[PDB]
Amino acid sequence: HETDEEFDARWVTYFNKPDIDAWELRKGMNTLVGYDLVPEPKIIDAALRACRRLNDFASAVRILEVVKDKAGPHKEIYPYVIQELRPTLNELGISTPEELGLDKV
Amino acid sequence: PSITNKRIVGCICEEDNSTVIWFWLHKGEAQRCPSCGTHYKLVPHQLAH
Amino acid sequence: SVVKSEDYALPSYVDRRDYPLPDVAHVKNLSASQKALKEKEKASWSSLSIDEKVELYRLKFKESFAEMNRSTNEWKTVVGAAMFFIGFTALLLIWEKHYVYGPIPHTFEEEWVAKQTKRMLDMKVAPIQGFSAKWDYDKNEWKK
Amino acid sequence: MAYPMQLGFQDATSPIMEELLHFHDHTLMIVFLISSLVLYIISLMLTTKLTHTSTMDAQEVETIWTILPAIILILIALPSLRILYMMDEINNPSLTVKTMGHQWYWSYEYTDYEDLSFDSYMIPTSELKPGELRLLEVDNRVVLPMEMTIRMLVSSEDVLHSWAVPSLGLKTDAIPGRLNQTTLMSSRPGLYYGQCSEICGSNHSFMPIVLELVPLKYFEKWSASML
Amino acid sequence: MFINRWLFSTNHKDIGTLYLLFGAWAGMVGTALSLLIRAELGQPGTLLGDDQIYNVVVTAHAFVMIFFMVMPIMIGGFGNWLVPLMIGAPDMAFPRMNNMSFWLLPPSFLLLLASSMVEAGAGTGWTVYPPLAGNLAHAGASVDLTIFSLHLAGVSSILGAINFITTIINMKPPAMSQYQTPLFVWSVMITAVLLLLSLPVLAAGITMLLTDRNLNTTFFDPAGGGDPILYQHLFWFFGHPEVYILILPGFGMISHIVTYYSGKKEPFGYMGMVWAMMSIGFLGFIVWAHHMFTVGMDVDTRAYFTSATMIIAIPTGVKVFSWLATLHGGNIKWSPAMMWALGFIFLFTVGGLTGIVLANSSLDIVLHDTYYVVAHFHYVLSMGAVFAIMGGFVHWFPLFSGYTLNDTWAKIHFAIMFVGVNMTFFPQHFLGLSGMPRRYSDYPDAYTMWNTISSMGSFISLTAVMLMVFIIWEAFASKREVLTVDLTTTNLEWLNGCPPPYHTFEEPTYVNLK
Amino acid sequence: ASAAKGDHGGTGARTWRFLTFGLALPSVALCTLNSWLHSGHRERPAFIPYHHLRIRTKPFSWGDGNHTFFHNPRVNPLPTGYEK
Amino acid sequence: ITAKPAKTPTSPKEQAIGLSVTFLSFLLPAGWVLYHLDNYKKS
Amino acid sequence: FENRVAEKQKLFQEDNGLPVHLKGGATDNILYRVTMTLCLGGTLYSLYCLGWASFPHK
Amino acid sequence: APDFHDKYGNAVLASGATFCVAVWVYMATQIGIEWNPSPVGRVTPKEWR
Amino acid sequence: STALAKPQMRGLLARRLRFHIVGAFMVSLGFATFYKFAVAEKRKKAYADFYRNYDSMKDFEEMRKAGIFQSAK
Amino acid sequence: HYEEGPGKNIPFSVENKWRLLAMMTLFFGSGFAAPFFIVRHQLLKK
Ligand SMILES: CCCCCCCCCCCCCCCCCC(=O)OCC(COC(=O)CCCCCCCCCCCCCCCCC)OC(=O)CCCCCCCCCCCCCCCCC
Ligand SMILES: CCCCCCCCCCCCCCCCCC(=O)OCC(COC(=O)CCCCCCCCCCCCCCCCC)OC(=O)CCCCCCCCCCCCCCCCC
Ligand SMILES: CCCCCCCCCCCCCCCCCC(=O)OCC(COC(=O)CCCCCCCCCCCCCCCCC)OC(=O)CCCCCCCCCCCCCCCCC
Ligand code: HEA
Ligand code: HEA
Ligand SMILES: CCCCC/C=C\C/C=C\C/C=C\C/C=C\CCCC(=O)O[C@H](COC(=O)CCCCCCCCCCCCCCCCC)COP(=O)(O)OCCN
Ligand SMILES: CCCCC/C=C/C/C=C\CCCCCCCC(=O)O[C@H](COC(=O)CCCCCCCCCCCCCCC)COP(=O)(O)OCC[N+](C)(C)C
Ligand SMILES: CCCCCC/C=C\CCCCCCCCCC(=O)O[C@H](COC(=O)CCCCCCCCCCCCCCC)COP(=O)(O)OC[C@@H](O)CO
Ligand SMILES: CCCCCCCCCCO[C@@H]1OC(CO)[C@@H](O[C@H]2O[C@@H](CO)[C@@H](O)[C@H](O)[C@@H]2O)[C@H](O)[C@H]1O
Ligand SMILES: C[C@H](CCC(=O)O)[C@@H]1CC[C@@H]2[C@H]3[C@H](O)C[C@@H]4C[C@H](O)CC[C@]4(C)[C@@H]3C[C@@H](O)[C@@]21C
Ligand SMILES: C[C@H](CCC(=O)O)[C@H]1CC[C@@H]2[C@H]3[C@H](O)C[C@@H]4C[C@@H](O)CC[C@]4(C)[C@@H]3C[C@@H](O)[C@@]21C
Ligand SMILES: C[C@H](CCC(=O)O)[C@H]1CC[C@H]2[C@@H]3[C@H](O)C[C@@H]4C[C@H](O)CC[C@]4(C)[C@H]3C[C@H](O)[C@]12C
Ligand SMILES: C[C@H](CCC(=O)O)[C@H]1CC[C@H]2[C@@H]3[C@H](O)C[C@@H]4C[C@H](O)CC[C@]4(C)[C@H]3C[C@H](O)[C@]12C
Ligand code: CUA
Ligand SMILES: [Cu+2]
Ligand SMILES: [Mg+2]
Ligand code: NA
Ligand SMILES: [Zn+2]
């Protein structure tokens, strides 16, 4: 296969394509969640910014939700990810699912 | 090619894949295979003159 | 919002943990205020209110992950009902014993069984482990 | 015979039946191990929110789950075959007894020296003496000498039947026009029961086999007296 | 229009529907017979009569469950419905001959019911061994009606096999190789090949029994130089392949169900699954004499059959572990169909393992013709084959009808059936080890407890069968029409909607060769 | 016969490779298992100077003219019996 | 799978009726035969 | 003999909506009715025979 | 909004379990069923000869 | 106002499988050890113990005196 | 040609759930009852 850093770089590059379209955005996220891993924050950052370029706020939030979901019972993952993503969330004005009340059943 | 405005496409993404990806291709803008992204475009009607 | 039968050939919406971004938006038709919200969405999201962000989410998706992954009380109904039907089965067995089955052979009478048991012990049935092995031939009783 | 609430095999009366008990314990352990392992793995796969839905490679884990079962099969086959050949060993009997299956009873023939033969019928439930077993007792038992290698020849004069004595590890089909051989050797005196083991019609459930194992001296006097 | 559509059909979906209806009705008959069996054994003594009436019931139970319920449902029902849809074919290769395969079943069933009506019935065991099945021990028309019933069912399956093999080989999209077809399609073709090769041998054998009974031949009569054991060889040469024929389509449906409810786009190790089914199909033709370990065969022959029989565990093991590997990492959907599939995996494994115990000719001396065999085969048939059928039924019912079942009721049905079958058959292992013979209408007193518990379990299963009928009624009564189905990209049979139109794939799918 | 497998939709390289590794080689592995199991040196039979065996009408063109080409001392007796 | 609401809803009362009728269709005929078993055995 | 296949091709391709088993003409209808009558009648007769054979004639 | 299970779940489980246990215990001990348990520890062997 | 440590984020399902497969193996060994003691060995010792000083004639005598035989009174 | 769609691709009608209940009851009931009546037939011959 390839090293962890080559995998991550391939993904960051994917989401950073300036003219990435909506289809490519969905394809990327839908494909990425099939792997045995929770995406590194650098990947998520690139995906969130692709959402900004596509004027898609809802997808940005959904991406945050899937990050949490992929962690399964490892509750320490999501809060770390959100911590690493804070500058970006603030810059782009992205509210976490918790801040929107979408974490309550 | 199609004689109507939609046709089922089966995409064998990579040579030797045992899994075929199936989807309806509609008249209009080209659509992409849900799995590998290759493009397909429907070109409707005729056959029988 | 409203799905139709003959739309089976068209891309559809689904709420799945492993397919976070569905093929279509939950709501495709927009009202005047909704169209305006989609416009406001093109500007800084910091200017969007919590309520507006929730509405944008709700236009794109039907249920949040928390909502779609909720557990239910269905197991109570399943287990309770299964037990009720298993209980009902015993009623059928009661009916059977009463109206269908006649008396069992005389060899099950208490006295016959006591005698048959001594005879089995006399012929030393299963003396290594199974039966006679459980009888104390010296103290003349079942081994404690 | 079987006793109320019995779980496993009737206690072994012959050395071969003892051999089968140990072989069954060996195999059953493997059956328990594999079935519980499968049950466990099912529960393991179903108890996590973690996912991996992309393509998984198979040519690596298939080696393990091909080689292991192959090894386990060999660990079962070895003792299985050892016992199989042991049952076929040349032993040279001291006595030969024949049994003919009939539509609903067994007949026996001890024709080595004298021409002794008799029918063996199930004792009707209405005629059982106190303490006797329902469906299992016969009027004339197969008296045989204990601690001796006996050759049993089995055939039938009508339909198929099958001569069986679980405690001794025996079951030989009774086929008309054919003479099947098996060897019997009881390590102890006593009464040993069996039942017809091939569907033969109306009273297939009611044509039991009862062996009476006694010392050679009693077997001989019984033989004479039975002429 | 009604007659044209339902009596003169040349449509694979309608014909599959006829098969599912026939098989459901047969299942009711087979269930009633199984209750009669367990009622007779429910307490010591005689309930119905002697072994004749009892064994007429046991024999019919087997024929009905095997030939009229399992085969018609799996091959004729699921096979006809799904195979053409899964390869994008417009119908079967021989759509008219396909209809005759179906219509031969009702007559076949009528002959079976006739045999039990005339004389004293055929109380021979489903194996129909002579001389008991001969014209002296079973004089009269009964056994002959049974033979003719088998002939018709045989022709039905042989023509069905020719149709399936031709359809699967010849009617896939030009770009699709055999290694690009779904596992269910593979399971059906392999099953068809086994049917094609094994049934003619059975036909040969039962025709010889028919002539011995009516034309004074003596193939199995020692008086004319015949041999009863010859019949056993001819029967079991068909008989073992037959049990693999009963489970193969089940294996196919299990692969689809496990894959689907694990949220996977494909089963783990596809080529290993194809390899396993083909190996099983092959090995299934060279192990038949393990049904004859007590007839008096040479020790070397017995050593061979013991060894050859065990080898099947290897490819079967690859399938079991591949199903578990398909569950691995899945987003598990706890639907009723998945429950049936999970129960299948475990219970079939148990039954398969007791089969490996029986493979040992040494041990089989003591286990043969006892309830240990009955326990083994009911685990693989009444739990394996039946669970695969129930799983497939609940999974595809919305496709076939266009309506959904009530999932809660279906989960209740599974729970009841699970308890029922296990309570019925598990205790039978004890009865077998301790020596209780097969085909007995009554047993020695020591066997009472386990037989009592086993009969109670059979009543629990009856309750599940009755509930199932109600569940199907509720679905059709409420009319909840299907909207959307997930994973259509890897389940082509659902792509034309629920139910698909009478004519599907009039315009074939487009598949690039690249 | 038709075997008990299936394919036939197009017999190609992939199919023959599948047969090589999935049927052929496994068969060879089994027969190799069976053979290197039932081996073991069998007790050589008593020597009997039968006239129809150990034929010598002309000496062999090698060795001492009395030993066969692949002579095995352990199992091949000379016309006069086994060797020392 | 998603589906539309029932076109002709079957209420709890209606289900009790269908379940009862279904169970009776199986139990009554067999029960009748089994009950008259002795009358059959010797007649 | 002369080749009249073209005549037969015209007859069987004639757009009259008739299924192939009746497309030859009135004789097809007669043959069909005879076949089906013997089949259904014979089946009723076999049912009668089964009813007869089901009971002992001591 | 509360479904069938939220409203009736606890009741169905409770009275289903209760009914099942009650009727099975009754069938097993009050209707004359012969279970034929082991004599071991329960039967006092009596002279038969 | 403390930061959080980067936890393990890759191969969590695989890691879990490995751990439990190893545990399943250990439990299989413990069960094998248990079975080949509570069942296998127990059986061998029961038979060996029974036959060690077994007297078949004494056993027969007892059965005869109990009157179970047809051929020996 | 033929009717298509839910409730139309079957040989029985589902237009009325009660008439349907009656049909299913006769269908499945006749199957389950048959063996009992055949047993009865065999007992009443001899
Ligand atoms: C390290 C591991 C430990 C981790 C601990 C667990 C953590 C969970 C993680 C968490 C990972 C994800 C789990 C949750 C996902 C979705 C939950 C939900 O939203 O959906 C809610 C659903 C989901 O259901 C479940 O979720 C559990 C049901 C499981 C049924 C399994 C059936 C298996 C059949 C095959 C048997 C062999 C294999 C069984 C194997 C089963 C393995 C679980 O609730 C139900 O109502 C369905 C079950 C109904 C009835 C039980 C089945 C009857 C079986 C037969 C005996 C009956 C005896 C009664 C009648 C009695 C009369 C006498
Ligand atoms: C209803 C039956 C009641 C019987 C009660 C037994 C009474 C004990 C007196 C307690 C009295 C103790 C003194 C007796 C010792 C004599 C030992 C012997 O010489 O006799 C040896 C005999 C006796 O057997 C035993 O040594 C006891 C083993 C018992 C296993 C019980 C499993 C129970 C599961 C619960 C429901 C059944 C269905 C499950 C399906 C399992 C498939 C087999 O060995 C056998 O050949 C029987 C079993 C044969 C084949 C089954 C193999 C696969 C098992 C799978 C296990 C799954 C576990 C997961 C857990 C299961 C989750 C479902
Ligand atoms: C034997 C038949 C019983 C008679 C009852 C009928 C009465 C008619 C009155 C008549 C009153 C007029 C009413 C008309 C319309 C509705 C009733 C119907 O049309 O009437 C008949 C129809 C419909 O069938 C029914 O009537 C109701 C069936 C309901 C079935 C629900 C099944 C649910 C399971 C799911 C199946 C797959 C569908 C899902 C997927 C959806 C499909 C795509 O049948 C058929 O035309 C073809 C079926 C042929 C064979 C099936 C098994 C028969 C085996 C017989 C062998 C006997 C040997 C001797 C045995 C002799 C006995 C001793
Ligand atoms: C669905 C039907 C079905 C199936 C699939 C099987 C499968 C098997 N059967 Fe069974 N069998 C019957 C139906 C079936 N059988 C019937 C009806 C009878 C009685 C007929 C009559 O007399 O009326 C019978 C009788 C029968 C006998 C004759 C017993 C006797 O009469 O004395 C034997 C003998 O060997 C046997 C063996 C096997 C074996 C070894 C398998 C194997 O295919 C099983 C393989 C599976 C596994 C082993 C489990 C999964 C594997 C793993 C988890 C891998 C690891 C395993 C190991 C290392 C062992 N069967
Ligand atoms: C597929 C085969 C099959 C099935 C499912 C069963 C199921 C059952 N059988 Fe089996 N049985 C055999 C095949 C089968 N049997 C064979 C081959 C014999 C040997 C015959 C001989 O010795 O000659 C036998 C023998 C036999 C005996 C031994 C008789 C003896 O030796 O004296 C017993 C005893 O208890 C018994 C009991 C039962 C019971 C209680 C069930 C119950 O589990 C049944 C419960 C009900 C069902 C599982 C049917 C449900 C399915 C449907 C109704 C279809 C539904 C419709 C749709 C989904 C479309 N059977
Ligand atoms: C290893 C398997 C492969 C087999 C061949 C390999 C080596 C042997 C050398 C040449 C063989 C070629 C053809 C066969 C000719 C004669 C039979 C030889 C087969 C063989 O090798 O047989 C051996 C005898 O060798 C003997 O005499 C061999 C003596 C060698 C003499 C060769 C004489 C040549 C005669 C050739 C005539 C050829 C005419 C050919 C005509 C063709 C058409 C015109 C058997 O050994 P043994 O000890 O008796 O028994 C074993 C006891 N442990
Ligand atoms: C009786 C005898 C039988 C008894 C026991 C047999 C059980 C086997 C036990 C362990 C098997 C070990 C398999 C090792 C595979 C590693 C798993 C993994 O982690 O899965 C993938 C490997 O693909 C891959 O092999 C594909 C994914 C996983 C491959 C194997 C998974 C299946 C394992 C079996 C499932 C359980 C069923 C066991 C049956 C007994 C992950 O890929 P990468 O890291 O490259 O990419 C991720 C991106 N990175 C680079 C940034 C991290
Ligand atoms: C008395 C004791 C038991 C009696 C049992 C009697 C059972 C049935 C008797 C009546 C059946 C005869 C009627 C003729 C059957 C012909 C089938 C046929 O010829 O079927 C063909 C297919 O099989 C093919 O080719 C190749 C295959 C040809 C098969 C011919 C059918 C013969 C039926 C008997 C088979 C016995 C099995 C043999 C093994 C022992 C044609 O397929 P269709 O779907 O029609 O059309 C497709 C269209 O595209 C054609 O234009
Ligand atoms: C294995 C499958 C079967 C499972 C067991 C069946 C479950 C019970 C079903 C009830 O069926 C019936 O019960 C009766 C009694 O409870 C009968 O009445 C009968 O008995 C009477 C009352 O004692 C009389 O009033 C009438 O003459 C009469 O025929 C009767 O005919 C029959 O329909
Ligand atoms: C269409 C029908 C087939 C019905 C079916 O497939 O079950 C066929 C067509 C023509 C046949 C009929 C023919 O008209 C000949 C028969 C004589 C009478 O004039 C009318 C009924 C008569 C006794 C037949 C009954 C009918 O059911 C037949 C056998
Ligand atoms: C009439 C026909 C010529 C071609 C045509 O039909 O135009 C001829 C040519 C060859 C045929 C004949 C062949 O020579 C074979 C046969 C030989 C004769 O001895 C008898 C008739 C015989 C069976 C044939 C009858 C004849 O009428 C045929 C049919
Ligand atoms: C070569 C063939 C197909 C590969 C392909 O073309 O994709 C594959 C499919 C299944 C494989 C077999 C199965 O995986 C089972 C066995 C597994 C062992 O790891 C080697 C031999 C073994 C017998 C395999 C040999 C070979 O690799 C097979 C037969
Ligand atoms: C069972 C059958 C005979 C049937 C009959 O008597 O009609 C015979 C014919 C040929 C036999 C086989 C062949 O003789 C070759 C093998 C010889 C070995 O000693 C045992 C297995 C072995 C594979 C045999 C098994 C079995 O006895 C076979 C298959
Ligand atoms: Cu004699 Cu069964
Ligand atoms: Cu077999
Ligand atoms: Mg037998
Ligand atoms: Na009985
Ligand atoms: Zn693609």
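Residue 1 is the first one shown; counting continues down the chain.
Per the header of the entry, the method used was X-ray crystallography, 1.8 Å.
Cβ atoms are placed via backbone N, Cα and C, with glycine included.
Quick look at what Swiss-Prot annotates:
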BINDING   B:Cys11, B:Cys13, B:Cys33, B:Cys36  Zn(2+) binding site
MOD_RES   B:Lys6  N6-acetyllysine
MOD_RES   B:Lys41  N6-acetyllysine
Least surrounded among the modified residues, given as B:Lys6, B:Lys41, when other CB atoms within 10 Å are counted: B:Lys41
Spatial neighbours, same chain, of B:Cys36 (Zn(2+) binding site) - Cβ under 8 Å, 6+ residues apart: B:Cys11, B:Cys13, B:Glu14, B:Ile21
Spatial separation of B:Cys33 (Zn(2+) binding site) from B:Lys6 (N6-acetyllysine) - C-alpha basis, Å: 15
Residue pair B:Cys33 (Zn(2+) binding site), B:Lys41 (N6-acetyllysine) - Cα distance, angstrom, rounded: 11
Three-class DSSP secondary structure - B:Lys6 (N6-acetyllysine): strand
Number of Cβ atoms other than its own within 10 Å, given for B:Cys13 (Zn(2+) binding site): 15
Site of maximum Cβ density within 10 Å, from binding-site residues B:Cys11, B:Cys33: B:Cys11
Among B:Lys6, B:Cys13, B:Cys33, B:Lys41, the recorded positions whose C-beta sits under 6 Å from ligand 18: B:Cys13, B:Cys33
B:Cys13 (Zn(2+) binding site): secondary structure state under DSSP, collapsed to three categories: coil
Chain-mates of B:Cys11, B:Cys13, B:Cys33, B:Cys36 with C-beta within 8 Å of site centroid, Zn(2+): B:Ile12, B:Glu14, B:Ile21, B:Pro34, B:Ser35, B:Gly37, B:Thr38
